[PDB]
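Please note: Cβ atoms are built from the backbone with ideal geometry, for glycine as well, and neighbour counts cover all protein chains shown. Computed from the coordinates by the stated procedures, all read-outs in this text should not be read as laboratory data.
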Amino acid sequence: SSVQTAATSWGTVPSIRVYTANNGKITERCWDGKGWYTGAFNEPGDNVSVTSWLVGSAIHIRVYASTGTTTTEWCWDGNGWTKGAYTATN
Amino acid sequence: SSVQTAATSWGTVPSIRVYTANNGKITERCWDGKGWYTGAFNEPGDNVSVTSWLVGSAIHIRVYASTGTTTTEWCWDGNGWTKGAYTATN
Amino acid sequence: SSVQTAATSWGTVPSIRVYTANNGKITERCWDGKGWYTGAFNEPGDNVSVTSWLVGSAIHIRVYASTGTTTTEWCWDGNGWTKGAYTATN
Ligand SMILES: OC[C@@]1(O)OC[C@@H](O)[C@@H](O)[C@@H]1O
Ligand SMILES: OC[C@@]1(O)OC[C@@H](O)[C@@H](O)[C@@H]1O
Ligand SMILES: OC[C@@]1(O)OC[C@@H](O)[C@@H](O)[C@@H]1O
Ligand SMILES: OC[C@@]1(O)OC[C@@H](O)[C@@H](O)[C@@H]1O
Ligand SMILES: OC[C@@]1(O)OC[C@@H](O)[C@@H](O)[C@@H]1O
Ligand SMILES: OC[C@@]1(O)OC[C@@H](O)[C@@H](O)[C@@H]1O
């Protein structure tokens with residue numbers, strides 16, 4: 001009966017992203033060094049995980065949002081969220 | 001009815017931290033290359049996530065502990081755990 | 001009643017590993033830059049977390065699989081999964 005979170009970070013300041021699954025919806029809070037704010041990610045899901053990697057100074061984020069046995073991958077690559085190629089046969 | 005864990009690591013040896021939420025309490029186990037031991041983190045929460053980053057050789061850890069819809073951020077920056085500025089309106 | 005995932009990544013292409021706990025079993029999907037495929041990890045568990053680190057170009061993965069209050073660590077160090085030394089007194 002609690003929310004469920006996932007977190008990732010990059011750099012040294014750092015930048016942080018925290019995803020919260022709450023009543024079937026996943027939202028995103030962001031830190032870039034000067035206060036928390038609400039990010040552009042808002043998608044359905046009961047469970048969330050995240051990973052990210054830098055290429056130079058460019059961040060790439062992958063969020064795995066699951067409802068039932070269906071996991072949807074969401075991708076941030078500098079210019080908006082897009083649905084990723086991830087599949088699994090759960 | 002199972003415990004729930006979160007893990008982070010840094011360096012090459014490496015150092016590892018594993019957080020376990022169990023019956024509303026989050027505790028920490030630590031690896032620095034020569035055996036597992038119990039860490040200083042002990043806080044209430046039904047759900048845990050973690051991220052960390054290095055600045056040179058200095059580790060910074062953020063633990064997100066949630067009870068109900070309330071997420072509390074805990075910060076390690078070399079000299080003790082402190083409550084962080086994270087908020088969310090869940 | 002949803003599956004539960006954990007994710008890690010390394011490099012710049014990148015490589016990604018996504019672990020899914022589903023009905024007491026944890027399986028692994030892999031991305032190395034040219035399509036998702038099923039990995040060698042298949043172990044019992046209701047809950048999963050993961051962390052990984054590079055040593056040069058060599059990846060090291062630690063997966064924490066929990067059933068009830070018992071967490072088992074699984075280790076990938078380039079040549080097969082092995083059970084790790086992790087213990088906790090949950
Ligand atoms: O600057 C904030 C932002 O653009 O950062 C990258 C992603 O986390 C986005 O969802 C988010 O809105
Ligand atoms: O679209 C970006 C993408 O190719 O990045 C690597 C993996 O995350 C893929 O599933 C994903 O589709
Ligand atoms: O050396 C152990 C320790 O100081 O490492 C940093 C943090 O994980 C602390 O909670 C922990 O007690
Ligand atoms: O106190 C340390 C701090 O500033 O570090 C960056 C973010 O984790 C903040 O929420 C946090 O308060
Ligand atoms: O190339 C795939 C593979 O060998 O990568 C490392 C680990 O993720 C293994 O479980 C997996 O089968
Ligand atoms: O076997 C590899 C190992 O030594 O790596 C570091 C830690 O993950 C240990 O628990 C583990 O046993």
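Structure values in brief
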quantity: Count of region B:33-90 residues which are of a type in the set (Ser, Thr, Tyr), surrounded by 17 or more Cβ atoms within 10 Å (Cβ to Cβ) and outside any strand (DSSP E or B); calculated: 1
quantity: Which numbered condition residue A:24 fails, given (1) under 12 Å from the mean Cα position of the chain (by Cα); (2) closer than 24 Å to residue C:29 by Cβ; calculated: (1)
quantity: Residues located in region B:31-40, provided they are within 20 Å of residue B:84 (Cβ to Cβ) and either in contact with a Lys or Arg (Cβ under 8 Å, 6 or more places away or on another chain) or at the interface with chain A (Cβ under 10 Å from one of its Cβ atoms) (or both); calculated: B:39
quantity: Which listed residue, of C:33, C:56, is over 12 Å from the mean Cα position of the chain (by Cα), more than 20 Å from residue A:47 (Cα to Cα) and away from ligand 5 (no atom under 15 Å from the Cβ); calculated: C:56
quantity: Selection status of residue A:47, facing another protein chain (nearest Cβ under 7 Å) and either more than 21 Å from residue B:10 (Cβ to Cβ) or away from ligand 4 (no atom under 16 Å from the Cβ) (or both); calculated: yes
quantity: Sole exception among (1) within 21 Å of residue A:52 (Cβ to Cβ); (2) within 13 Å of ligand 6 (Cβ to nearest atom); (3) crowded, with 22+ Cβ neighbours inside 10 Å for residue B:11, by number; calculated: (3)
quantity: Given (1) more than 16 Å from ligand 3 (Cβ to nearest atom); (2) within 14 Å of chain B (Cβ to nearest Cβ); (3) crowded, with 22+ Cβ neighbours inside 10 Å, index of the condition residue C:18 fails; calculated: (2)
quantity: Those residues of region B:6-32 which are part of a strand (DSSP E or B) and β-branched (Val, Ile, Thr), in sequence order; calculated: B:8, B:16, B:18, B:20, B:26, B:27
quantity: Residue in region A:77-84 that is more than 11 Å from chain C (Cβ to nearest Cβ), more than 10 Å from the chain's Cα centre (by Cα) and within 16 Å of ligand 4 (Cβ to nearest atom) present; calculated: no
quantity: Where residue C:82 falls short, out of the listed (1) within 24 Å of residue B:12 (Cα to Cα); (2) hydroxyl-bearing (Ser, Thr, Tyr); (3) near ligand 5 (Cβ under 10 Å from one of its atoms); calculated: (3)
quantity: Any hit, region C:1-8, residues being within 16 Å of ligand 1 (Cβ to nearest atom), under 11 Å from the mean Cα position of the chain (by Cα) and within 11 Å of chain A (Cβ to nearest Cβ); calculated: yes
